[PDB]
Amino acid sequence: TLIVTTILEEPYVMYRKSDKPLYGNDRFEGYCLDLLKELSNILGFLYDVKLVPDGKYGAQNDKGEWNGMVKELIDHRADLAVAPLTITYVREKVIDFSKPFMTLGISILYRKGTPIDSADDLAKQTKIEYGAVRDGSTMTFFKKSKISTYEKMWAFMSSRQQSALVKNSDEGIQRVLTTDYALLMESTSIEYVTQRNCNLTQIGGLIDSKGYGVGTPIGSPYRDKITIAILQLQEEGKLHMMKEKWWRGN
């Protein structure tokens, strides 16, 4: 029985609706559980889903130690990390990633019918307010960016005690709906939102690029085996099917 570390994140991993207490894997549902089920069928394994105790994806601290799902893999307390775990340079040094089951990037959430076309257009004015989730990977991107357009945007975002920023995605979406505000976040989030709000849309293309992949400890045999399975699922069109099932609104 494999130990699968994961994290609550709509619509990847969610508590299953019930009128009676549930136990084990039946407690959870979502894109990642459907993915995991398929993985266990193709590769032939038993698995137990365990939410990461600290509720974090994985980062380094001041002392240089890891936490979250990344740490659970490193310490071999989990065989697989099946969650929207971002494939990054720093993580690739301590854990292994399969082929990304999903590709994405930073983009713009805003209203329909407006003349705004791109990040370029947001940066050249101060009327339409814009920002991102505080201390998220999107804010970090703009914070470190040496691109002139994104430097101008960051200087704006951080001005006036960072009032343009928001606490989380839910707050950000609400701000977009209620005020004249454009939110910067992952294209996966934006589509989840736009499918459930018919007067919102994505503006422009992807600002950066990365992927979500299944994480394994370094040197694990499951790394190659999952990549093979994901390729098969991609070829069958099942990955597109799975995304459609959980992303569509009504």
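Here, rigid core means the biggest group of C-alpha atoms that superpose within 1.5 Å across both forms. One rule holds for the numbers: they count along the sequence shown, beginning at 1.
- Comparing the two stretches 13 to 21 and 231 to 239 by root mean square C-alpha distance in 9 other deposited structures of this protein, with all structures fitted on the core, the more displaced one is 13 to 21.
- In a rigid core superposition of the other structures in 9 other deposited structures of this protein, 119 to 127 and 95 to 103 differ in how far their CA atoms stray, and the farther one is 119 to 127.
- For the two regions 84 to 92 and 143 to 151, the entry's Cα B-factors average higher over 143 to 151.
- Relative to one another, 185 to 193 and 63 to 71 have unequal mean CA B-factors, and 63 to 71 is the one with the higher figure.
- Taking the deposited Cα B-factors for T126, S107, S98, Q174, the highest one is held by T126.
- Ranked against the other modelled residues of its chain, the C-alpha B-factor of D79 as given in the entry falls in the lowest third.
- When all modelled residues of the chain are sorted by CA temperature factor, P221 is found within the highest third.
- Sort the modelled residues of the chain by CA B factor and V4 lands in the lowest third.
- Among all modelled residues in its chain, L39 ranks in the lowest third by Cα B-factor.
- Ranked by C-alpha B-factor against the other modelled residues of its chain, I203 falls in the middle third.
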